[PDB]
Amino acid sequence: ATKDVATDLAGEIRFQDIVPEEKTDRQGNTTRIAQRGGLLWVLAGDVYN
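Numbers given in the UniProt record's numbering equal positions in the sequence shown, counted from 1, plus 440.
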């Protein structure tokens, strides 16, 4: 199964030990899959669009 995890703090993402690997779909869809399971920190802030 699958489950989406969505943040509740607005800010900058910072990897920690996460090693993304780019898997390119035949249409060019570069999906980032983590080879090394780590942490995705969110450093809080005010994000402006």
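Where is the CB? At the ideal position from N, CA and C, for every residue including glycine.
Practice prompt. Compute the Euclidean distance between the alpha carbons of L479 and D457, then round it to the nearest angstrom.
Written response: About 7 Å.
Worksheet item: Since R472 is in the beta strand (DSSP E), which residue starts that stretch and which ends it?
Response: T470 to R476
Item to complete: Look at the alpha carbon of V482 and the alpha carbon of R466, and state the distance between them as a whole number of angstroms.
Response: Near 32 Å, if we compare the C-alpha coordinates of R466 and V482.
Item to complete: With distances taken Cα to Cα, identify the nearest neighbour of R476 among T442, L449 and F455.
Response: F455
Worksheet item: Can the beta-carbon of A474 be found less than 9 Å from the beta-carbon of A450?
Response: no
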